[PDB]
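Participant: Provided herewith: input04.cif, mmCIF, C-alpha atoms.
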data_entry
loop_
_atom_site.label_atom_id
_atom_site.label_comp_id
_atom_site.auth_asym_id
_atom_site.auth_seq_id
_atom_site.Cartn_x
_atom_site.Cartn_y
_atom_site.Cartn_z
CA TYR A 78 62.77 -39.79 4.55
CA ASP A 79 63.50 -42.39 1.89
CA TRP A 80 62.17 -40.31 -1.00
CA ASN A 81 64.03 -42.34 -3.61
CA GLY A 82 62.52 -45.66 -2.57
CA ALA A 83 59.02 -44.18 -2.79
CA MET A 84 59.64 -42.30 -6.04
CA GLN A 85 61.41 -44.91 -8.21
CA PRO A 86 58.40 -47.28 -8.05
CA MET A 87 56.06 -44.36 -8.80
CA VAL A 88 58.01 -42.93 -11.75
CA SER A 89 58.21 -46.44 -13.15
CA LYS A 90 54.46 -46.91 -12.49
CA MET A 91 53.86 -43.65 -14.35
CA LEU A 92 56.01 -44.75 -17.29
CA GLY A 93 53.99 -47.97 -17.57
CA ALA A 94 50.69 -46.16 -17.33
CA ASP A 95 48.16 -45.83 -20.09
CA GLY A 96 48.34 -42.35 -21.71
CA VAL A 97 51.93 -41.54 -20.64
CA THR A 98 54.27 -41.15 -23.60
CA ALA A 99 57.95 -41.58 -22.80
CA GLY A 100 60.65 -39.15 -23.89
CA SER A 101 58.19 -36.33 -23.30
CA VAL A 102 59.38 -32.99 -22.09
CA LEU A 103 58.33 -32.58 -18.54
CA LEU A 104 57.90 -29.38 -16.52
CA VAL A 105 58.62 -30.78 -13.01
CA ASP A 106 56.85 -28.77 -10.26
CA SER A 107 58.34 -28.41 -6.76
CA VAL A 108 57.12 -31.02 -4.32
CA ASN A 109 54.36 -29.30 -2.36
CA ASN A 110 54.47 -29.86 1.40
CA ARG A 111 50.88 -30.32 2.53
CA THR A 112 51.67 -32.50 5.53
CA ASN A 113 50.56 -31.29 8.97
CA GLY A 114 54.30 -30.68 9.69
CA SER A 115 57.43 -29.33 8.02
CA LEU A 116 59.96 -31.03 5.76
CA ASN A 117 62.51 -30.00 3.14
CA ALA A 118 60.72 -29.71 -0.21
CA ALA A 119 64.03 -29.22 -1.99
CA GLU A 120 65.52 -32.62 -0.98
CA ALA A 121 62.33 -34.27 -2.22
CA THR A 122 62.27 -32.17 -5.42
CA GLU A 123 65.90 -32.86 -6.34
CA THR A 124 65.47 -36.61 -5.78
CA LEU A 125 62.41 -36.51 -8.03
CA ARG A 126 64.18 -34.52 -10.77
CA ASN A 127 66.97 -37.03 -10.43
CA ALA A 128 64.54 -39.99 -10.69
CA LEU A 129 62.87 -38.71 -13.85
CA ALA A 130 66.23 -38.12 -15.64
CA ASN A 131 67.57 -41.59 -14.94
CA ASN A 132 67.49 -43.14 -17.56
CA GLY A 133 66.88 -40.31 -20.05
CA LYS A 134 63.26 -41.36 -20.42
CA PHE A 135 62.08 -37.83 -19.76
CA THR A 136 63.45 -34.48 -20.79
CA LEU A 137 62.99 -31.83 -18.02
CA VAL A 138 62.65 -28.11 -18.28
CA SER A 139 65.82 -26.60 -16.72
CA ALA A 140 65.17 -24.26 -13.75
CA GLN A 141 66.96 -21.43 -15.57
CA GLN A 142 64.67 -21.63 -18.58
CA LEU A 143 61.74 -21.91 -16.19
CA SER A 144 62.81 -18.70 -14.44
CA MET A 145 63.42 -17.09 -17.83
CA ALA A 146 59.92 -18.03 -18.97
CA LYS A 147 58.44 -16.49 -15.82
CA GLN A 148 60.29 -13.22 -16.51
CA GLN A 149 58.92 -13.46 -20.05
CA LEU A 150 55.45 -14.19 -18.70
CA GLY A 151 55.65 -11.56 -15.89
CA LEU A 152 55.62 -13.88 -12.85
CA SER A 153 57.53 -13.97 -9.51
CA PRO A 154 60.90 -15.80 -9.87
CA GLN A 155 60.69 -18.39 -7.02
CA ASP A 156 56.90 -18.69 -6.56
CA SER A 157 56.92 -22.09 -8.32
CA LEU A 158 54.50 -23.28 -9.70
CA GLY A 159 51.50 -20.95 -10.05
CA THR A 160 47.96 -22.29 -10.43
CA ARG A 161 47.20 -24.95 -13.06
CA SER A 162 46.59 -22.02 -15.43
CA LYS A 163 50.00 -20.50 -14.63
CA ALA A 164 51.94 -23.72 -14.97
CA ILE A 165 50.14 -24.43 -18.25
CA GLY A 166 51.20 -20.98 -19.49
CA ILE A 167 54.79 -21.71 -18.56
CA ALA A 168 54.73 -25.23 -19.95
CA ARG A 169 53.45 -23.89 -23.31
CA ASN A 170 56.02 -21.15 -23.34
CA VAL A 171 58.88 -23.51 -22.79
CA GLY A 172 58.16 -26.52 -24.91
CA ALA A 173 56.62 -28.81 -22.27
CA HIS A 174 54.17 -31.63 -22.78
CA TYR A 175 53.42 -32.62 -19.26
CA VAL A 176 53.61 -30.84 -15.98
CA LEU A 177 54.35 -33.10 -13.03
CA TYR A 178 52.83 -32.25 -9.66
CA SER A 179 53.81 -33.85 -6.44
CA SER A 180 52.96 -33.32 -2.86
CA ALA A 181 53.79 -34.77 0.47
CA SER A 182 50.48 -35.03 2.29
CA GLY A 183 48.97 -36.43 5.46
CA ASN A 184 51.08 -37.29 8.44
CA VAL A 185 54.40 -35.46 8.61
CA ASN A 186 55.74 -38.51 10.37
CA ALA A 187 55.03 -41.25 7.81
CA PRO A 188 53.65 -39.12 4.89
CA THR A 189 52.16 -40.11 1.61
CA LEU A 190 53.75 -38.91 -1.64
CA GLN A 191 51.15 -38.04 -4.26
CA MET A 192 52.02 -37.33 -7.92
CA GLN A 193 49.82 -36.10 -10.74
CA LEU A 194 50.89 -35.92 -14.32
CA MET A 195 48.92 -33.21 -16.11
CA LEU A 196 48.72 -33.00 -19.87
CA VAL A 197 49.58 -29.44 -20.76
CA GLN A 198 47.48 -29.29 -23.91
CA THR A 199 44.24 -30.16 -22.11
CA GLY A 200 44.96 -29.39 -18.46
CA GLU A 201 43.79 -32.90 -17.93
CA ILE A 202 45.39 -35.08 -15.26
CA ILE A 203 46.24 -38.33 -17.12
CA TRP A 204 47.99 -40.21 -14.33
CA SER A 205 48.18 -40.16 -10.59
CA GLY A 206 49.94 -42.33 -8.01
CA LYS A 207 50.20 -42.38 -4.26
CA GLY A 208 53.13 -43.79 -2.36
CA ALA A 209 54.07 -44.29 1.23
CA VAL A 210 57.37 -42.78 2.39
CA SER A 211 59.43 -44.65 5.00
CA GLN A 212 62.86 -43.62 6.41
#
Please express the file's structure as structure tokens.

Facilitator:
Amino acid sequence: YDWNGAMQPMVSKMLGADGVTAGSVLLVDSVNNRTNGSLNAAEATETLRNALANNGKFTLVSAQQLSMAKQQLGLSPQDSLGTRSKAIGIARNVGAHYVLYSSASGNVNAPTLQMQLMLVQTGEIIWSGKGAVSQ
């Protein structure tokens, strides 16, 4: 699964996109596996976290602070992320401007990566991309 080669074009696309302000603090949600099959979410997630940090064009909420904010908020430590309402709560607690969703959907062999950038203040999705993912 060449995550990186799917994600780099998408992150860039997102950066170029109308309504996305760079240098924003970004609560980065775990990549949701909604394929018909199974894959490692964590390999995908880390690559994505990695992609958004290179080249310092987004600040990310650290996973520790995230877990801390859940304790604060009374939520389960590794149930990341809750609903839109839950993630908003967390985002606002930490100082986050966007929350970034991502999912691998469709065919577990040859899946599509889907990202949505939600604006925390309005709950409004202000960008989305879809990308093919290809070994």

Participant: Please evaluate the PyMOL selection byres ((chain A and resi 87-92) around 12) against the displayed coordinates and give the resulting residues as JSON, numbers by chain.

Facilitator: {"A": [80, 81, 82, 83, 84, 85, 86, 93, 94, 95, 96, 97, 98, 99, 100, 101, 124, 125, 126, 127, 128, 129, 130, 131, 132, 134, 135, 177, 179, 189, 190, 191, 192, 193, 194, 195, 203, 204, 205, 206, 207, 208, 209, 210]}

Participant: Spell out the residues picked by the PyMOL selection byres ((chain A and resi 113) around 6) here, as a list in words.

Facilitator: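 After applying the PyMOL selection byres ((chain A and resi 113) around 6), what remains is residues 112, 114 and 185 of chain A.
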
Participant: Using all atoms listed in the file, which of A:116, A:196, A:187, A:141 sits nearest residue 165 of chain A?

Facilitator: A:196

Participant: Given all atoms listed in the file, how would the per-residue table for segment 96-130 of chain A near segment 166-175 of chain A read, listing every residue at most 6 Å away with its closest atom pair and distance in Å to one decimal, sorted by chain and number, as CSV?

Facilitator:
residue,atom,partner,partner_atom,distance
A:102,CA,A:173,CA,5.0
A:103,CA,A:175,CA,5.0
A:104,CA,A:173,CA,5.9

Participant: Between A:158, A:164, A:176, A:150, which is the closest to residue 136 of chain A once you count all atoms listed in the file?

Facilitator: A:176

Participant: Name the closest residue to residue 115 of chain A among the candidates A:144, A:182, A:198, A:162; distances are taken between atoms, counting only C-alpha atoms.

Facilitator: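 Of A:144, A:182, A:198, A:162, the one nearest residue 115 of chain A is A:182, counting only C-alpha atoms.
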
Participant: Neighbouring residues of residue 111 of chain A were defined as those with any atom within 8 Å, considering only C-alpha atoms; residues of the same chain fewer than 5 positions away were excluded. Please report them as an MDAnalysis selection string.

Facilitator: chainID A and resid 180:183

Participant: Can you measure atom CA of residue 109 of chain A to atom CA of residue 163 of chain A for me? One decimal in Å is fine.

Facilitator: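 Between these atoms lies a distance of 15.7 Å.
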
Participant: One decimal, in Å: what's the spacing between atom CA of residue 133 of chain A and atom CA of residue 178 of chain A?

Facilitator: 19.2 Å

Participant: Let me make sure I understand: among A:202, A:78, A:138, A:154, which one has the smallest atom-to-atom distance to residue 106 of chain A if we use all atoms listed in the file?

Facilitator: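 Of A:202, A:78, A:138, A:154, the one nearest residue 106 of chain A is A:138, counting all atoms listed in the file.
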
Participant: Would you please work out which residue, of A:122, A:79, A:199, A:211, is nearest to residue 184 of chain A when using all atoms listed in the file?

Facilitator: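 Closest to residue 184 of chain A, using all atoms listed in the file: A:211.
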
Participant: Could you work out how far atom CA of residue 159 of chain A lies from atom CA of residue 197 of chain A, giving the answer in Å with one decimal?

Facilitator: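 For atom CA of residue 197 of chain A relative to atom CA of residue 159 of chain A, the distance reads 13.8 Å.
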
Participant: Could you rebuild segment 136-151 of chain A with N, CA, C and O atoms and give me the result as a PDB file, in the frame of the given file?

Facilitator:
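Okay, selection_16.pdb is ready:
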ATOM      1  N   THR A 136      62.810 -35.792 -20.789  1.00  0.00           N
ATOM      2  CA  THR A 136      63.450 -34.480 -20.790  1.00  0.00           C
ATOM      3  C   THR A 136      62.769 -33.486 -19.835  1.00  0.00           C
ATOM      4  O   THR A 136      61.550 -33.384 -19.831  1.00  0.00           O
ATOM      5  N   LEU A 137      63.550 -32.773 -19.015  1.00  0.00           N
ATOM      6  CA  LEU A 137      62.990 -31.830 -18.020  1.00  0.00           C
ATOM      7  C   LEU A 137      63.287 -30.397 -18.402  1.00  0.00           C
ATOM      8  O   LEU A 137      64.351 -30.070 -18.893  1.00  0.00           O
ATOM      9  N   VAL A 138      62.354 -29.518 -18.134  1.00  0.00           N
ATOM     10  CA  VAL A 138      62.650 -28.110 -18.280  1.00  0.00           C
ATOM     11  C   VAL A 138      63.693 -27.725 -17.220  1.00  0.00           C
ATOM     12  O   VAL A 138      63.477 -27.937 -16.028  1.00  0.00           O
ATOM     13  N   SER A 139      64.811 -27.146 -17.650  1.00  0.00           N
ATOM     14  CA  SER A 139      65.820 -26.600 -16.720  1.00  0.00           C
ATOM     15  C   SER A 139      65.225 -25.411 -15.926  1.00  0.00           C
ATOM     16  O   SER A 139      64.362 -24.668 -16.415  1.00  0.00           O
ATOM     17  N   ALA A 140      65.671 -25.279 -14.683  1.00  0.00           N
ATOM     18  CA  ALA A 140      65.170 -24.260 -13.750  1.00  0.00           C
ATOM     19  C   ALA A 140      65.482 -22.838 -14.238  1.00  0.00           C
ATOM     20  O   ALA A 140      64.752 -21.885 -13.960  1.00  0.00           O
ATOM     21  N   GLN A 141      66.571 -22.716 -14.984  1.00  0.00           N
ATOM     22  CA  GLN A 141      66.960 -21.430 -15.570  1.00  0.00           C
ATOM     23  C   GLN A 141      65.954 -20.987 -16.632  1.00  0.00           C
ATOM     24  O   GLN A 141      65.483 -19.848 -16.626  1.00  0.00           O
ATOM     25  N   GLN A 142      65.635 -21.907 -17.539  1.00  0.00           N
ATOM     26  CA  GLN A 142      64.670 -21.630 -18.580  1.00  0.00           C
ATOM     27  C   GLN A 142      63.309 -21.332 -17.974  1.00  0.00           C
ATOM     28  O   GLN A 142      62.627 -20.395 -18.375  1.00  0.00           O
ATOM     29  N   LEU A 143      62.928 -22.159 -17.009  1.00  0.00           N
ATOM     30  CA  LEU A 143      61.740 -21.910 -16.190  1.00  0.00           C
ATOM     31  C   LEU A 143      61.717 -20.461 -15.657  1.00  0.00           C
ATOM     32  O   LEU A 143      60.745 -19.709 -15.876  1.00  0.00           O
ATOM     33  N   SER A 144      62.788 -20.052 -14.986  1.00  0.00           N
ATOM     34  CA  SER A 144      62.810 -18.700 -14.440  1.00  0.00           C
ATOM     35  C   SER A 144      62.754 -17.646 -15.562  1.00  0.00           C
ATOM     36  O   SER A 144      62.073 -16.624 -15.457  1.00  0.00           O
ATOM     37  N   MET A 145      63.434 -17.942 -16.654  1.00  0.00           N
ATOM     38  CA  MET A 145      63.420 -17.090 -17.830  1.00  0.00           C
ATOM     39  C   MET A 145      62.008 -16.916 -18.376  1.00  0.00           C
ATOM     40  O   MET A 145      61.595 -15.811 -18.739  1.00  0.00           O
ATOM     41  N   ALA A 146      61.276 -18.019 -18.432  1.00  0.00           N
ATOM     42  CA  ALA A 146      59.920 -18.030 -18.970  1.00  0.00           C
ATOM     43  C   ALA A 146      58.945 -17.269 -18.079  1.00  0.00           C
ATOM     44  O   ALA A 146      57.974 -16.671 -18.567  1.00  0.00           O
ATOM     45  N   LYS A 147      59.209 -17.291 -16.775  1.00  0.00           N
ATOM     46  CA  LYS A 147      58.440 -16.490 -15.820  1.00  0.00           C
ATOM     47  C   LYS A 147      58.674 -14.994 -15.994  1.00  0.00           C
ATOM     48  O   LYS A 147      57.721 -14.222 -16.031  1.00  0.00           O
ATOM     49  N   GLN A 148      59.941 -14.597 -16.092  1.00  0.00           N
ATOM     50  CA  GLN A 148      60.290 -13.220 -16.510  1.00  0.00           C
ATOM     51  C   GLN A 148      59.519 -12.829 -17.773  1.00  0.00           C
ATOM     52  O   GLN A 148      58.754 -11.860 -17.784  1.00  0.00           O
ATOM     53  N   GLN A 149      59.681 -13.636 -18.812  1.00  0.00           N
ATOM     54  CA  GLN A 149      58.920 -13.460 -20.050  1.00  0.00           C
ATOM     55  C   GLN A 149      57.452 -13.250 -19.762  1.00  0.00           C
ATOM     56  O   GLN A 149      56.850 -12.286 -20.231  1.00  0.00           O
ATOM     57  N   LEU A 150      56.896 -14.160 -18.965  1.00  0.00           N
ATOM     58  CA  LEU A 150      55.450 -14.190 -18.700  1.00  0.00           C
ATOM     59  C   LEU A 150      54.994 -13.163 -17.643  1.00  0.00           C
ATOM     60  O   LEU A 150      53.795 -12.987 -17.440  1.00  0.00           O
ATOM     61  N   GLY A 151      55.947 -12.486 -17.003  1.00  0.00           N
ATOM     62  CA  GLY A 151      55.650 -11.560 -15.890  1.00  0.00           C
ATOM     63  C   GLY A 151      55.167 -12.200 -14.595  1.00  0.00           C
ATOM     64  O   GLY A 151      54.128 -11.822 -14.063  1.00  0.00           O
TER      65      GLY A 151
END
